Amino acid sequence: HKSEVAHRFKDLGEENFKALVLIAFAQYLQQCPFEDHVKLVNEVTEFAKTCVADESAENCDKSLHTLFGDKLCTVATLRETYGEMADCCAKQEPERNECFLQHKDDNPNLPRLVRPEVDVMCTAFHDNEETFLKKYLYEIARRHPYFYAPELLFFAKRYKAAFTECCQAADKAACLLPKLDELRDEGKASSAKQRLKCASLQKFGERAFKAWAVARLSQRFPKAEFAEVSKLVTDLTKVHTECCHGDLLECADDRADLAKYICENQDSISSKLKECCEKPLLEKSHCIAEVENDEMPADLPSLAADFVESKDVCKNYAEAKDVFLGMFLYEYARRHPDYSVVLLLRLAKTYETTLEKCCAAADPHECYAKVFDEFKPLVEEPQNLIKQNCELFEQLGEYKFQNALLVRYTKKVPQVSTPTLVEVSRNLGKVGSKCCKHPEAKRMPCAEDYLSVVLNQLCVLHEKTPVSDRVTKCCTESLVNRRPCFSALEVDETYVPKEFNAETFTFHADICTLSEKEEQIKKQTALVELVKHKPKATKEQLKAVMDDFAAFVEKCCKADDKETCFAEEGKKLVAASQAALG
Ligand SMILES: COc1ccc2c(c1)c(CC(=O)O)c(C)n2C(=O)c1ccc(Cl)cc1
Ligand SMILES: CCCC1C(=O)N2C(N(C)C)=Nc3ccc(C)cc3N2C1=O
Ligand SMILES: CCCCCCCCCCCCCC(=O)O
Ligand SMILES: CCCCCCCCCCCCCC(=O)O
Ligand SMILES: CCCCCCCCCCCCCC(=O)O
Ligand SMILES: CCCCCCCCCCCCCC(=O)O
């Protein structure tokens, strides 16, 4: 109302207010030490309390942007540490805020964060829960300047819960570790999806963004009217535009307004939004963004009715193309929660290409009469890959499934560096152990969101260190043709085998003491190298070599004088295997 800081403070609550202020500062002043931020927070919090006590106290009338910028310009070493950014302090609002946004470095040069020993973490956690948690909230935020603050807050709390539970455990490590690994992975995926989405908005434009959103929103909210979904797509697009620009405040408010709109009109949107709408102001957006799909209306007609058999098809389409196509998408998506979003777009594109040709023909109705037959092969392709790949993962385990993929992709793109192939294959492998668990009706949507991040990360690296035109093609292809393009890659006939290197296939006893994740990544690295040396080797030949090796290890690790063994048999294996592969 009269004082914005006061209002925010009352809504958020002291604890959340302080966490968010800390994050907001760490994202702009990525170089200042922890103690410096803690002091700014205390000062802002104290200031906020004065305003809560008296909305009319000095400066309490100033906007959050102005107050925020004034404090930022207080930093004494602003110029010495941030050089150019200091000049922003000479500008007036709103140029000042815009100037700050431009200097936020999406990827600073900070040391990697090393995970301490379980006991040290747990002890630090017990001795000062507050500074332990705020210390890492700081380290994470400064490293991910665009990570939406509230979401980061949500991760912190999941972190607190892991220590609280695990540090009291009998086997602290057995409890805590797997929790941290899951948190990290989920944290990495959330950050990558945010980056991906904003980058895509820049490349493909608003149209492609609206299409993706209509489809997505129709699956989750199948009972909502097309106009409401359109309303929602419109606002959602503004929201992502604002949020991508980087202004935390603008973004936060846009999201809040949308979640309230949605909660007020919930009975006309979805019946699954009950819980989400009762939760705290700070948790609404997040919750609704993850809400499960509502049940689709039981009495829904046939699409062929309004889109294939109708006589006004071309007349309606011409009158407002995107609207008509949007309607098609809406109708198709809410009937297919089991389809991935990208598949729905492929169907809409197909239907669009068809109407463009057909509506410019003598007898339209006859020209587009069998379009739904066009859809079949589009739908079946992804489905079959899912079946085939999940069956194979059922037989082999996560580890051996990862090796099968390793062989498969190394043969397809032999130019990619070995470490890159190992990482991508391992991740593809996890997508398999995470999605094949769901029933068929939920597999495709699952593979899509996970595969989208893996595929983009793969493309980012390669972009830096280009190595294959084919990968580059798939990487710069339409957002809808991406995964299909990679699926289409065929074995590389060109590739001339990498010459033999003794060292590369010589192993020592140190392999026996390595941890599981360590041994695997080591055997898997030799495997890629094996394939790059003998790309014409069949599955059979390769399978027999991996068996000798398998034995080789188990044998030498369970026998006196390891060193000699791995050096004596190393000769035999490498010699024998080389002969079996010619
Ligand atoms: C409901 O609104 C959207 C809009 C775009 C989305 C998503 C959700 C999700 C998440 C979800 O599937 O719900 C992902 C992964 N999007 C993209 O990758 C993407 C695609 C095209 C463009 Cl132009 C920009 C971004
Ligand atoms: C993944 C679910 C699709 C999806 C969804 O339901 N969303 C939603 N609402 C409330 C409809 N509001 C948003 C607010 C912020 C973000 C970052 C994303 C969404 N938005 C989506 O992207
Ligand atoms: C979001 C930060 C919450 C603070 C919880 C402390 C636990 C984080 C320690 C893990 C940092 C090492 C990075 C890693 O997991 O590899
Ligand atoms: C300088 C004090 C301002 C602190 C900035 C944080 C205020 C934003 C409120 C967040 C509201 C959550 C909205 C949502 O995403 O659901
Ligand atoms: C308000 C409705 C907006 C949606 C318009 C429907 C367009 C769907 C056609 C498929 C577009 C795929 C995007 C692309 O490849 O550029
Ligand atoms: C040309 C020398 C070939 C000998 C080296 C063989 C290395 C293959 C690695 C075996 C990986 C299989 C993994 C496993 O045993 O589970």
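Residues numbered from 1 in each chain as written, not as in the entry; some residues may be left out. Chains lettered and ligands numbered in written order. Heavy atoms only, no water. Residues with missing side-chain atoms left out of burial classes, pairs and counts.

Per the deposited record, determination of this structure is attributed to X-ray crystallography, with the resolution reported as 2.40 Å.

Visitor: So, the UniProt feature "binding site: Ca(2+) 1" in the protein: which residues are in play, and what are the values?
Guide: Annotation from UniProt places "binding site: Ca(2+) 1" at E4, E242, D247 and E250. Among the secondary structure elements, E4 is positioned in helix 1 (residues 4-12). Tracing the sequence through the fold places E250 in helix 12 (residues 248-264). With a relative accessible area of 38%, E250 lands in the partly exposed category. Apart from residues lying up to four places away in sequence, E250 is in contact with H65 and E242. (UniProt positions renumbered as here; feature names shortened; annotations may be inferred. Helix = DSSP H or I, 4+ residues; strand = E, 2+ residues; numbered from the N terminus. Buried < 20%, exposed > 50% of the residue type's maximum accessible area, 1.4 Å probe, protein only. Contact = heavy atoms within 4.5 Å.)

Visitor: Go over the site of ligand 3 with me, naming the residues and quoting the values.
Guide: The environment of ligand 3 is made up of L113, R115, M121, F132, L133, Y136, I140, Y159, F163 and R184. In the environment of ligand 3, an oxygen atom lies 3.0 Å from a nitrogen or oxygen atom belonging to the side chain of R115. Burial of ligand 3 by the protein amounts to 91% of the accessible area it has alone, namely 480 Å². Breaking the shell around ligand 3 down by element, the ones donating at least two residues are helix 8 (129-143) and helix 9 (149-166). Among the elements that line the shell around ligand 3, the one with the most residues is helix 8, at four residues. Residues that form the shell around ligand 3 fall into these classes: eight nonpolar, no polar and two charged. (Near = heavy atom within 4 Å. Polar contact = N/O pair within 3.5 Å; in protein donor to acceptor, adjacent residues only side chain to side chain. Areas by Shrake-Rupley, 256 points an atom, 1.4 Å probe, with all protein chains shown as cover. Nonpolar A, V, L, I, M, F, W, Y, C, P; charged D, E, K, R; others polar.)

Visitor: With reference to specific residues and values, describe helix 30 (residues 562-580).
Guide: Note on helix geometry: an α-helix contains 3.6 residues per turn, so any two residues three or four positions apart are oriented the same way. Compared with the 27 Å implied by 1.5 Å per residue over 19 residues, the 26 Å span of helix 30 between its first and last C-alpha is a close match. Along helix 30, the sharpest kink reaches roughly 30 degrees, centred on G570. The first or second residue beyond helix 30 is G582, which carries a positive phi of 55 degrees. (Expected span 1.5 Å × (residues − 1). Bend = angle between axes of the 7 residues up to and from the residue.)

Visitor: Tell me what's going on with helix 2 (residues 14-28), and back it up with residues and numbers.
Guide: Over its 15 residues, helix 2 extends 22 Å from the first C-alpha to the last, a length consistent with the 21 Å expected when each residue adds 1.5 Å. Among the 15 residues of helix 2, 13 are classified as buried, and the element is accordingly described as predominantly covered.

Visitor: A description of the site of ligand 1 should follow, citing residues and the corresponding values.
Guide: The environment of ligand 1 is made up of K197, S200, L201, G205, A208, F209, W212, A213, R216, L236 and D449. Measuring from an oxygen atom of ligand 1, one finds a side-chain N or O atom of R216 at 2.6 Å. About the coverage of ligand 1: the protein hides 90% of its 540 Å² of free accessible area. Here the shell around ligand 1 gets nine residues from one element, more than from any other, and that element is helix 10 (residues 172-220). Each residue belonging to the shell around ligand 1 can be placed in one class, and the counts come to six nonpolar, two polar and three charged.

Visitor: Which residues make up the packing of helix 7 (residues 118-127) against helix 9, and what values do they have?
Guide: Running from N to C, helix 7 and helix 9 point in directions that differ by 100 degrees, and their axes come no closer than 10 Å. Taken together, the axes of helix 7 and helix 9 are roughly perpendicular relative to one another. Across from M121, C122 and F125 in helix 7, the residues of helix 9 making contact are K160, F163 and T164. Here the contact of helix 7 with helix 9 is composed, by residue class, of four nonpolar, one polar and one charged. (Axes fitted to C-alpha atoms, helices over the stretch in contact; angles between N-to-C directions. Parallel < 35°, antiparallel > 145°, perpendicular 65-115°, else oblique.)

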